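Asks: Please find my_file.cif (mmCIF, C-alpha atoms and all ligand atoms) on the next line:
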data_work
loop_
_atom_site.group_PDB
_atom_site.id
_atom_site.type_symbol
_atom_site.label_atom_id
_atom_site.label_comp_id
_atom_site.auth_asym_id
_atom_site.auth_seq_id
_atom_site.Cartn_x
_atom_site.Cartn_y
_atom_site.Cartn_z
ATOM 1 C CA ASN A 2 0.000 0.000 0.000
ATOM 2 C CA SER A 3 2.931 2.357 0.434
ATOM 3 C CA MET A 4 3.232 2.931 -3.360
ATOM 4 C CA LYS A 5 -0.526 3.511 -3.421
ATOM 5 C CA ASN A 6 -0.259 6.535 -1.169
ATOM 6 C CA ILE A 7 0.875 10.066 -2.005
ATOM 7 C CA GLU A 8 3.513 10.121 0.748
ATOM 8 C CA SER A 9 5.590 7.836 -1.394
ATOM 9 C CA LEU A 10 5.745 10.335 -4.247
ATOM 10 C CA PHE A 11 7.955 12.980 -2.625
ATOM 11 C CA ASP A 12 11.251 13.829 -0.977
ATOM 12 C CA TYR A 13 10.833 15.822 2.189
ATOM 13 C CA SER A 14 12.739 18.731 3.636
ATOM 14 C CA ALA A 15 14.073 18.163 7.082
ATOM 15 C CA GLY A 16 11.465 20.598 8.374
ATOM 16 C CA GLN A 17 8.549 18.767 6.815
ATOM 17 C CA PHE A 18 9.810 15.381 7.838
ATOM 18 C CA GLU A 19 10.569 16.317 11.422
ATOM 19 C CA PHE A 20 7.314 18.166 11.917
ATOM 20 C CA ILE A 21 5.378 15.045 10.865
ATOM 21 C CA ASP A 22 7.462 12.869 13.207
ATOM 22 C CA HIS A 23 6.809 15.333 16.003
ATOM 23 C CA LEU A 24 3.089 15.483 15.415
ATOM 24 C CA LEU A 25 2.798 11.727 15.635
ATOM 25 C CA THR A 26 5.104 11.518 18.674
ATOM 26 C CA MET A 27 3.181 14.269 20.446
ATOM 27 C CA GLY A 28 -0.041 12.400 19.711
ATOM 28 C CA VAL A 29 1.387 9.313 21.392
ATOM 29 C CA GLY A 30 2.173 11.230 24.540
ATOM 30 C CA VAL A 31 -1.196 12.847 24.662
ATOM 31 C CA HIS A 32 -3.100 9.571 24.400
ATOM 32 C CA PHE A 33 -0.993 7.812 26.974
ATOM 33 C CA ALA A 34 -1.210 10.704 29.417
ATOM 34 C CA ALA A 35 -4.982 10.648 28.958
ATOM 35 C CA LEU A 36 -4.949 6.867 29.513
ATOM 36 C CA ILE A 37 -3.564 7.366 33.002
ATOM 37 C CA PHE A 38 -6.269 9.896 33.747
ATOM 38 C CA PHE A 39 -9.105 7.652 32.616
ATOM 39 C CA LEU A 40 -7.664 4.786 34.572
ATOM 40 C CA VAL A 41 -7.366 6.618 37.873
ATOM 41 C CA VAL A 42 -10.782 8.119 37.480
ATOM 42 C CA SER A 43 -12.695 4.883 36.684
ATOM 43 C CA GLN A 44 -12.966 4.146 40.428
ATOM 44 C CA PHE A 45 -15.292 7.145 40.822
ATOM 45 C CA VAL A 46 -17.709 5.952 38.177
ATOM 46 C CA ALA A 47 -20.731 3.874 39.064
ATOM 47 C CA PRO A 48 -20.919 0.299 37.846
ATOM 48 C CA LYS A 49 -23.633 1.129 35.424
ATOM 49 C CA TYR A 50 -21.352 3.492 33.577
ATOM 50 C CA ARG A 51 -17.896 2.223 34.304
ATOM 51 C CA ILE A 52 -17.506 0.414 30.984
ATOM 52 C CA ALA A 53 -17.566 3.819 29.320
ATOM 53 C CA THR A 54 -14.374 4.979 31.042
ATOM 54 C CA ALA A 55 -12.808 1.604 30.398
ATOM 55 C CA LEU A 56 -13.565 2.027 26.702
ATOM 56 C CA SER A 57 -11.719 5.361 26.805
ATOM 57 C CA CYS A 58 -8.638 3.513 28.112
ATOM 58 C CA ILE A 59 -8.801 0.940 25.296
ATOM 59 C CA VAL A 60 -9.194 3.729 22.786
ATOM 60 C CA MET A 61 -6.250 5.671 24.157
ATOM 61 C CA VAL A 62 -3.979 2.658 23.919
ATOM 62 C CA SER A 63 -5.220 1.549 20.507
ATOM 63 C CA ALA A 64 -4.773 5.055 19.156
ATOM 64 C CA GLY A 65 -1.489 5.596 20.882
ATOM 65 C CA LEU A 66 -0.094 2.345 19.543
ATOM 66 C CA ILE A 67 -1.121 3.082 16.007
ATOM 67 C CA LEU A 68 0.390 6.559 16.260
ATOM 68 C CA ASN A 69 3.549 5.085 17.685
ATOM 69 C CA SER A 70 3.731 2.590 14.913
ATOM 70 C CA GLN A 71 3.170 5.279 12.304
ATOM 71 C CA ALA A 72 6.040 7.294 13.702
ATOM 72 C CA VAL A 73 8.429 4.365 13.528
ATOM 73 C CA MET A 74 7.231 3.381 10.103
ATOM 74 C CA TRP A 75 7.909 6.951 8.921
ATOM 75 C CA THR A 76 11.461 7.057 10.269
ATOM 76 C CA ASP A 77 12.118 3.561 8.822
ATOM 77 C CA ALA A 78 10.774 4.569 5.402
ATOM 78 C CA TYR A 79 13.013 7.607 4.792
ATOM 79 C CA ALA A 80 16.672 8.547 5.117
ATOM 80 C CA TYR A 81 18.283 11.987 4.832
ATOM 81 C CA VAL A 82 20.187 11.676 1.610
ATOM 82 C CA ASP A 83 21.754 14.482 -0.378
ATOM 83 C CA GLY A 84 19.889 17.266 1.441
ATOM 84 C CA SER A 85 16.474 15.657 1.706
ATOM 85 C CA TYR A 86 14.531 12.795 3.282
ATOM 86 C CA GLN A 87 14.197 10.288 0.489
ATOM 87 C CA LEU A 88 12.217 7.075 0.292
ATOM 88 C CA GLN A 89 14.338 4.046 1.201
ATOM 89 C CA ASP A 90 11.615 1.492 1.563
ATOM 90 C CA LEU A 91 7.953 0.575 1.650
ATOM 91 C CA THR A 92 7.194 0.720 5.248
ATOM 92 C CA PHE A 93 4.766 3.666 5.430
ATOM 93 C CA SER A 94 1.078 3.853 4.738
ATOM 94 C CA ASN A 95 -2.058 5.442 6.218
ATOM 95 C CA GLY A 96 -3.919 2.144 5.824
ATOM 96 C CA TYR A 97 -3.085 1.124 9.316
ATOM 97 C CA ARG A 98 -5.244 3.951 10.692
ATOM 98 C CA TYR A 99 -8.240 2.670 8.813
ATOM 99 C CA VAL A 100 -7.783 -0.825 10.037
ATOM 100 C CA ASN A 101 -7.554 0.509 13.541
ATOM 101 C CA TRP A 102 -10.833 2.378 13.106
ATOM 102 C CA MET A 103 -12.587 -0.917 12.705
ATOM 103 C CA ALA A 104 -11.939 -1.326 16.419
ATOM 104 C CA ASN A 105 -11.919 2.219 17.767
ATOM 105 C CA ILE A 106 -15.042 3.613 16.157
ATOM 106 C CA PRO A 107 -17.232 0.921 17.746
ATOM 107 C CA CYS A 108 -15.633 1.658 21.098
ATOM 108 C CA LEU A 109 -16.280 5.348 20.768
ATOM 109 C CA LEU A 110 -19.908 4.716 19.839
ATOM 110 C CA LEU A 111 -20.486 2.183 22.574
ATOM 111 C CA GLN A 112 -19.323 4.554 25.259
ATOM 112 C CA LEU A 113 -21.819 7.037 24.003
ATOM 113 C CA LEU A 114 -24.654 4.498 24.156
ATOM 114 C CA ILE A 115 -23.773 3.611 27.691
ATOM 115 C CA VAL A 116 -23.917 7.157 29.049
ATOM 116 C CA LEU A 117 -27.111 7.664 27.142
ATOM 117 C CA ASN A 118 -28.628 5.078 29.504
ATOM 118 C CA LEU A 119 -29.529 2.647 26.732
ATOM 119 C CA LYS A 120 -29.643 -0.948 27.873
ATOM 120 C CA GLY A 121 -30.689 -4.429 27.068
ATOM 121 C CA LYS A 122 -32.199 -4.984 23.685
ATOM 122 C CA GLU A 123 -32.114 -1.356 22.616
ATOM 123 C CA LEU A 124 -28.438 -1.152 23.453
ATOM 124 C CA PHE A 125 -27.652 -4.307 21.542
ATOM 125 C CA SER A 126 -29.595 -3.477 18.426
ATOM 126 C CA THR A 127 -28.453 0.120 18.283
ATOM 127 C CA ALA A 128 -24.848 -0.921 18.681
ATOM 128 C CA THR A 129 -25.284 -3.469 15.936
ATOM 129 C CA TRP A 130 -26.663 -1.111 13.349
ATOM 130 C CA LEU A 131 -24.108 1.542 14.230
ATOM 131 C CA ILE A 132 -21.141 -0.699 13.992
ATOM 132 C CA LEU A 133 -22.328 -2.101 10.681
ATOM 133 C CA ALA A 134 -22.690 1.422 9.336
ATOM 134 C CA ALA A 135 -19.212 2.291 10.718
ATOM 135 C CA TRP A 136 -17.648 -0.741 9.163
ATOM 136 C CA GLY A 137 -19.286 0.023 5.864
ATOM 137 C CA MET A 138 -17.877 3.499 6.008
ATOM 138 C CA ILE A 139 -14.352 2.453 7.004
ATOM 139 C CA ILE A 140 -14.049 -0.412 4.528
ATOM 140 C CA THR A 141 -15.219 1.646 1.583
ATOM 141 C CA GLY A 142 -12.911 4.475 2.564
ATOM 142 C CA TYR A 143 -10.006 2.048 2.944
ATOM 143 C CA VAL A 144 -10.547 0.808 -0.580
ATOM 144 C CA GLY A 145 -10.894 4.285 -1.946
ATOM 145 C CA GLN A 146 -7.590 5.406 -0.445
ATOM 146 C CA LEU A 147 -5.783 2.656 -2.307
ATOM 147 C CA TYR A 148 -6.427 4.782 -5.386
ATOM 148 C CA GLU A 149 -5.224 8.135 -4.128
ATOM 149 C CA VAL A 150 -2.181 8.005 -6.374
ATOM 150 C CA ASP A 151 -3.404 6.508 -9.600
ATOM 151 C CA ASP A 152 -7.171 7.089 -9.815
ATOM 152 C CA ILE A 153 -8.635 10.146 -8.151
ATOM 153 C CA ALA A 154 -12.023 9.601 -9.688
ATOM 154 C CA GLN A 155 -12.149 6.208 -7.996
ATOM 155 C CA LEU A 156 -11.093 7.679 -4.650
ATOM 156 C CA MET A 157 -14.000 10.026 -4.994
ATOM 157 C CA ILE A 158 -16.664 7.438 -5.781
ATOM 158 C CA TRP A 159 -15.540 5.213 -2.945
ATOM 159 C CA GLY A 160 -15.649 8.385 -0.834
ATOM 160 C CA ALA A 161 -19.187 9.069 -1.796
ATOM 161 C CA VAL A 162 -20.316 5.639 -0.867
ATOM 162 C CA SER A 163 -18.409 5.916 2.376
ATOM 163 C CA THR A 164 -20.041 9.264 3.050
ATOM 164 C CA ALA A 165 -23.500 7.690 2.732
ATOM 165 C CA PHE A 166 -22.629 5.312 5.494
ATOM 166 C CA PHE A 167 -21.275 8.208 7.571
ATOM 167 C CA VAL A 168 -24.460 10.208 7.113
ATOM 168 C CA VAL A 169 -26.635 7.301 8.111
ATOM 169 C CA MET A 170 -24.445 6.580 11.135
ATOM 170 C CA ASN A 171 -24.741 10.220 12.173
ATOM 171 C CA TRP A 172 -28.497 10.055 11.840
ATOM 172 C CA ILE A 173 -28.683 7.151 14.217
ATOM 173 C CA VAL A 174 -26.354 8.880 16.707
ATOM 174 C CA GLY A 175 -28.172 12.132 16.538
ATOM 175 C CA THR A 176 -31.570 10.550 16.847
ATOM 176 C CA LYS A 177 -30.629 8.477 19.902
ATOM 177 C CA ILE A 178 -29.017 11.446 21.570
ATOM 178 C CA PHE A 179 -31.897 13.822 21.025
ATOM 179 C CA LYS A 180 -34.581 11.250 21.981
ATOM 180 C CA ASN A 181 -32.742 10.140 25.169
ATOM 181 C CA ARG A 182 -31.616 13.473 26.509
ATOM 182 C CA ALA A 183 -34.440 13.568 28.940
ATOM 183 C CA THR A 184 -33.166 10.452 30.780
ATOM 184 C CA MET A 185 -29.862 12.164 31.619
ATOM 185 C CA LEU A 186 -29.065 13.021 35.204
ATOM 186 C CA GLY A 187 -27.274 15.882 36.822
ATOM 187 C CA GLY A 188 -27.574 18.378 34.030
ATOM 188 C CA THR A 189 -25.875 16.032 31.581
ATOM 189 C CA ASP A 190 -28.860 16.395 29.286
ATOM 190 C CA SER A 191 -27.246 19.674 28.313
ATOM 191 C CA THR A 192 -23.763 18.294 28.128
ATOM 192 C CA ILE A 193 -24.679 15.459 25.836
ATOM 193 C CA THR A 194 -25.791 17.764 22.995
ATOM 194 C CA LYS A 195 -22.313 19.297 22.964
ATOM 195 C CA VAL A 196 -20.991 15.815 22.574
ATOM 196 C CA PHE A 197 -23.077 15.440 19.415
ATOM 197 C CA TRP A 198 -21.687 18.638 17.896
ATOM 198 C CA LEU A 199 -18.189 17.757 18.830
ATOM 199 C CA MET A 200 -18.531 14.413 16.982
ATOM 200 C CA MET A 201 -19.985 16.117 13.910
ATOM 201 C CA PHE A 202 -17.097 18.504 13.855
ATOM 202 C CA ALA A 203 -14.217 16.177 14.634
ATOM 203 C CA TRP A 204 -15.459 13.243 12.635
ATOM 204 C CA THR A 205 -15.897 15.478 9.606
ATOM 205 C CA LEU A 206 -12.166 16.186 9.568
ATOM 206 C CA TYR A 207 -11.327 12.691 8.396
ATOM 207 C CA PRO A 208 -13.065 12.957 4.998
ATOM 208 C CA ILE A 209 -11.395 16.299 4.503
ATOM 209 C CA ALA A 210 -8.054 14.560 5.174
ATOM 210 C CA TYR A 211 -9.141 11.845 2.787
ATOM 211 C CA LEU A 212 -9.553 14.398 0.014
ATOM 212 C CA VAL A 213 -6.163 16.082 0.310
ATOM 213 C CA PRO A 214 -4.774 14.057 -2.597
ATOM 214 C CA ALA A 215 -7.451 15.550 -4.794
ATOM 215 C CA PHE A 216 -6.714 19.132 -3.840
ATOM 216 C CA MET A 217 -3.186 19.368 -2.524
ATOM 217 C CA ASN A 218 -1.136 16.638 -3.980
ATOM 218 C CA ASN A 219 2.347 17.729 -2.880
ATOM 219 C CA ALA A 220 4.578 17.472 0.151
ATOM 220 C CA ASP A 221 2.838 20.228 2.055
ATOM 221 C CA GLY A 222 -0.406 18.369 1.472
ATOM 222 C CA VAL A 223 1.144 15.381 3.160
ATOM 223 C CA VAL A 224 1.897 17.601 6.124
ATOM 224 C CA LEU A 225 -1.577 19.049 6.123
ATOM 225 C CA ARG A 226 -3.190 15.613 6.199
ATOM 226 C CA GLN A 227 -1.141 14.532 9.210
ATOM 227 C CA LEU A 228 -2.046 17.784 10.912
ATOM 228 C CA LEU A 229 -5.716 17.201 10.230
ATOM 229 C CA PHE A 230 -5.556 13.641 11.606
ATOM 230 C CA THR A 231 -3.848 15.017 14.724
ATOM 231 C CA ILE A 232 -6.538 17.618 15.385
ATOM 232 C CA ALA A 233 -9.208 15.035 14.624
ATOM 233 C CA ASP A 234 -7.706 12.314 16.774
ATOM 234 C CA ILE A 235 -7.344 14.496 19.808
ATOM 235 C CA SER A 236 -10.861 15.905 19.466
ATOM 236 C CA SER A 237 -12.604 12.656 18.629
ATOM 237 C CA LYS A 238 -10.771 10.478 21.089
ATOM 238 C CA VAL A 239 -9.327 12.591 23.943
ATOM 239 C CA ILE A 240 -11.643 15.559 24.295
ATOM 240 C CA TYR A 241 -14.559 13.339 23.497
ATOM 241 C CA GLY A 242 -13.345 10.797 26.087
ATOM 242 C CA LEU A 243 -13.045 13.477 28.772
ATOM 243 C CA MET A 244 -16.600 14.609 28.076
ATOM 244 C CA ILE A 245 -17.963 11.091 28.214
ATOM 245 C CA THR A 246 -16.196 10.527 31.526
ATOM 246 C CA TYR A 247 -17.467 13.800 32.951
ATOM 247 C CA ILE A 248 -20.981 12.739 31.980
ATOM 248 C CA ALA A 249 -20.426 9.338 33.499
ATOM 249 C CA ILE A 250 -19.171 10.692 36.787
ATOM 250 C CA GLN A 251 -21.822 13.342 36.942
ATOM 251 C CA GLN A 252 -24.559 10.843 36.328
ATOM 252 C CA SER A 253 -22.966 8.501 38.847
ATOM 253 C CA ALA A 254 -23.098 11.149 41.536
ATOM 254 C CA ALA A 255 -26.700 12.076 40.824
ATOM 255 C CA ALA A 256 -27.660 8.440 41.004
ATOM 256 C CA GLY A 257 -26.265 8.083 44.563
ATOM 257 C CA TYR A 258 -22.850 6.542 43.939
ATOM 258 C CA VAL A 259 -20.729 7.779 46.814
ATOM 259 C CA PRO A 260 -17.263 7.673 45.329
ATOM 260 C CA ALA A 261 -18.449 9.887 42.483
ATOM 261 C CA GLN A 262 -19.989 12.357 44.938
ATOM 262 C CA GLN A 263 -16.822 12.507 46.979
ATOM 263 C CA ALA A 264 -14.851 12.982 43.807
ATOM 264 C CA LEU A 265 -16.793 15.901 42.489
ATOM 265 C CA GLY A 266 -16.809 17.409 45.961
ATOM 266 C CA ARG A 267 -13.078 17.059 46.414
ATOM 267 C CA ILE A 268 -12.588 19.236 43.315
HETATM 268 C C1 LIG A 301 -10.877 7.745 16.270
HETATM 269 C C2 LIG A 301 -11.037 7.749 14.871
HETATM 270 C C3 LIG A 301 -12.179 8.227 14.302
HETATM 271 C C4 LIG A 301 -13.259 8.925 15.107
HETATM 272 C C5 LIG A 301 -12.294 8.085 12.790
HETATM 273 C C6 LIG A 301 -13.290 8.553 12.085
HETATM 274 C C7 LIG A 301 -13.297 8.398 10.629
HETATM 275 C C8 LIG A 301 -14.238 8.819 9.783
HETATM 276 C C9 LIG A 301 -15.487 9.524 10.230
HETATM 277 C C10 LIG A 301 -13.994 8.556 8.377
HETATM 278 C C11 LIG A 301 -14.823 8.938 7.470
HETATM 279 C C12 LIG A 301 -14.618 8.785 6.029
HETATM 280 C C13 LIG A 301 -15.567 9.286 5.201
HETATM 281 C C14 LIG A 301 -16.880 9.816 5.705
HETATM 282 C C15 LIG A 301 -15.357 9.331 3.693
HETATM 283 C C16 LIG A 301 -13.965 9.112 3.273
HETATM 284 C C17 LIG A 301 -13.402 7.896 3.969
HETATM 285 C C18 LIG A 301 -13.415 8.045 5.486
HETATM 286 C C19 LIG A 301 -13.440 6.625 6.084
HETATM 287 C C20 LIG A 301 -12.151 8.851 5.892
HETATM 288 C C1 LIG A 302 -7.084 20.375 18.898
HETATM 289 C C2 LIG A 302 -5.673 19.778 18.915
HETATM 290 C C3 LIG A 302 -4.504 20.706 18.571
HETATM 291 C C4 LIG A 302 -3.349 20.009 17.853
HETATM 292 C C5 LIG A 302 -2.063 20.809 17.957
HETATM 293 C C6 LIG A 302 -1.121 20.663 16.787
HETATM 294 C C7 LIG A 302 0.163 21.413 17.109
HETATM 295 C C8 LIG A 302 0.805 22.106 15.904
HETATM 296 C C9 LIG A 302 0.023 23.332 15.449
HETATM 297 C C10 LIG A 302 0.493 24.308 14.623
HETATM 298 C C11 LIG A 302 1.903 24.334 14.084
HETATM 299 C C12 LIG A 302 1.985 24.796 12.655
HETATM 300 C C13 LIG A 302 3.422 25.122 12.265
HETATM 301 C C14 LIG A 302 3.824 24.432 10.968
HETATM 302 C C15 LIG A 302 5.194 24.828 10.434
HETATM 303 C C16 LIG A 302 5.460 24.085 9.143
HETATM 304 C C17 LIG A 302 6.898 23.562 9.069
HETATM 305 C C18 LIG A 302 7.099 23.029 7.683
HETATM 306 O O1 LIG A 302 6.246 22.198 7.249
HETATM 307 O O2 LIG A 302 8.087 23.474 7.047
HETATM 308 CL CL CL A 303 -24.723 1.575 38.984
HETATM 309 CL CL CL A 304 -7.420 5.283 15.552
#
For the structure just supplied, provide its representation as structure tokens.
Ligand SMILES: *C/C=C(C)/C=C/C=C(C)/C=C/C1=C(C)CCCC1(C)C
Ligand SMILES: CCCCCCCC/C=C\CCCCCCCC(=O)O
Ligand SMILES: [Cl-]
Ligand SMILES: [Cl-]
Replies:
Amino acid sequence: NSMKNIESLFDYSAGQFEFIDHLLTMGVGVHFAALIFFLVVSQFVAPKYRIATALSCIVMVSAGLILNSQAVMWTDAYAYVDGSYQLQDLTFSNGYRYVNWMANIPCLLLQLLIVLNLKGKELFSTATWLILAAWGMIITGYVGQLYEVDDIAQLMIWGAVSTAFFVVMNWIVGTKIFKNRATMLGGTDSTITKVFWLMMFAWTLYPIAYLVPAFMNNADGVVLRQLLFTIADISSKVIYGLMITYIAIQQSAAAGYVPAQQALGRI
């Protein structure tokens, strides 16, 4: 897949190359720092919601590992030769992110369903439809990106199909959020709508990143895409995870769980 991606087409200045390495490395640190926070804080979440914080830990590690791997793959792929970072071998590709999404997107959605107070059959069926829609979106996008170098029209049609799945997934998310807001405790009925908007914003960055080959096919475009994934990853995983956990603790306290109450009170 490395020859199928635009990164393989260029030599990089030291500035471009190092900035990309630094973005990815910084992303690793952010996710792992957040992982410690979610871990320590899970003790203050009621059993009914605790799986949500646990899912944030799994997401932080999954994301951090993939970012770590991307950083090593990048440094393995290029060597500074004759004044520029030049491709030495086929080690780098964005495909690994997509594969990872097959696991992370379902986790991110499930945590949302949990704090929404869905349970039993509704939880199971909603999770099923959502993950199918997510998988449809990710798989079609993965295929489309295989054509970013030699067939832009194909990247676009796979993108369109993928976008249909995204739109339908968003409809399910939005509908469940807006219809279940009233069940939310401790003022979280307000907070949860912000979570919806945050997802719409952050998730929308990925398709933009996906289209960079069509509109900025050059080395600075490669930098821009990595920058966009970095903003998106932190918003969709970390900020989103902190909001989910806040909602979970807040609901836990309102429901009578003492450790949550002590926690909010100690701060
Ligand atoms: C933690 C990672 C997340 C939240 C990834 C989200 C990815 C998307 C919403 C991807 C969407 C895409 C489209 C809607 C069309 C182009 C192909 C994709 C898969 C990038
Ligand atoms: C919401 C999460 C925020 C993510 C923070 C990302 C940190 C970097 C932000 C801006 C730095 C831009 C400077 C780019 C200089 C380009 C160097 C080059 O390519 O030659
Ligand atoms: Cl409980
Ligand atoms: Cl990921």
Asks: Which residue out of A:140, A:261, A:68, A:254 has the minimum interatomic distance to ligand LIG 301 (chain A) when only C-alpha atoms and all ligand atoms are used?
Replies: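 The shortest atom-to-atom distance to ligand LIG 301 (chain A) comes from A:140.
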Asks: Dump as JSON, numbers by chain all residues having an atom at most 7 Å from (5.2, 10.9, 5.3), computed in the file's coordinates with only C-alpha atoms.
Replies: {"A": [8, 18, 21, 75, 223]}
Asks: Could you report the residues within 12 Å of ligand LIG 302 (chain A), using only C-alpha atoms and all ligand atoms, as a PyMOL selection string?
Replies: chain A and resi 13-28+31-32+199+202-203+206+219-241
Asks: On this structure, the PyMOL selection byres (((chain A and resi 86) around 7) and not hetatm) would catch which residues? List them as a PyMOL selection string, sorted by chain and number.
Replies: chain A and resi 12-15+79-82+85+87-88
Asks: Ligand LIG 301 (chain A): which residues are within 7 Å, counting all atoms listed in the file, as a VMD selection string?
Replies: chain A and resid 102 105 to 106 138 to 139 141 to 143 160 to 161 163 to 164 167 204 to 205 207 to 208 211 234 237 to 238
Asks: Find the spatial neighbours of residue 4 of chain A, counting all atoms listed in the file, within a cut-off of 10 Å - ignore same-chain residues fewer than 3 positions away - and output them as a list in words.
Replies: residues 7, 8, 9, 10, 90, 91, 92, 93, 94, 147, 149, 150 and 151 of chain A
Asks: Just the selected residues (C-alpha atoms), exported as a tab-separated table (two decimals), in the frame of the given file, please.
Replies:
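Result file follows (part_5.tsv):
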chain	number	residue	atom	x	y	z
A	7	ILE	CA	0.88	10.07	-2.00
A	8	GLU	CA	3.51	10.12	0.75
A	9	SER	CA	5.59	7.84	-1.39
A	10	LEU	CA	5.74	10.34	-4.25
A	90	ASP	CA	11.62	1.49	1.56
A	91	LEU	CA	7.95	0.57	1.65
A	92	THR	CA	7.19	0.72	5.25
A	93	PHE	CA	4.77	3.67	5.43
A	94	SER	CA	1.08	3.85	4.74
A	147	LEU	CA	-5.78	2.66	-2.31
A	149	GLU	CA	-5.22	8.14	-4.13
A	150	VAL	CA	-2.18	8.01	-6.37
A	151	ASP	CA	-3.40	6.51	-9.60
Asks: Residues of chain A that approach ligand CL 304 (chain A) to 9 Å or less, counting only C-alpha atoms and all ligand atoms: could you list each one with the shortest pair of atoms and its distance in Å to one decimal, rows by chain and increasing residue number, as a tab-separated table?
Replies:
residue	atom	partner	partner_atom	distance
A:60	CA	A:CL304	CL	7.6
A:61	CA	A:CL304	CL	8.7
A:63	CA	A:CL304	CL	6.6
A:64	CA	A:CL304	CL	4.5
A:65	CA	A:CL304	CL	8.0
A:66	CA	A:CL304	CL	8.8
A:67	CA	A:CL304	CL	6.7
A:68	CA	A:CL304	CL	7.9
A:97	CA	A:CL304	CL	8.7
A:98	CA	A:CL304	CL	5.5
A:99	CA	A:CL304	CL	7.3
A:100	CA	A:CL304	CL	8.2
A:101	CA	A:CL304	CL	5.2
A:102	CA	A:CL304	CL	5.1
A:103	CA	A:CL304	CL	8.6
A:104	CA	A:CL304	CL	8.1
A:105	CA	A:CL304	CL	5.9
A:106	CA	A:CL304	CL	7.8
A:234	CA	A:CL304	CL	7.1
A:238	CA	A:CL304	CL	8.3
Asks: Go through A:180, A:11, A:44, A:110 one by one, measure the shortest atom-to-atom distance of each to residue 56 of chain A using all atoms listed in the file, and give the residue with the smallest value.
Replies: A:110
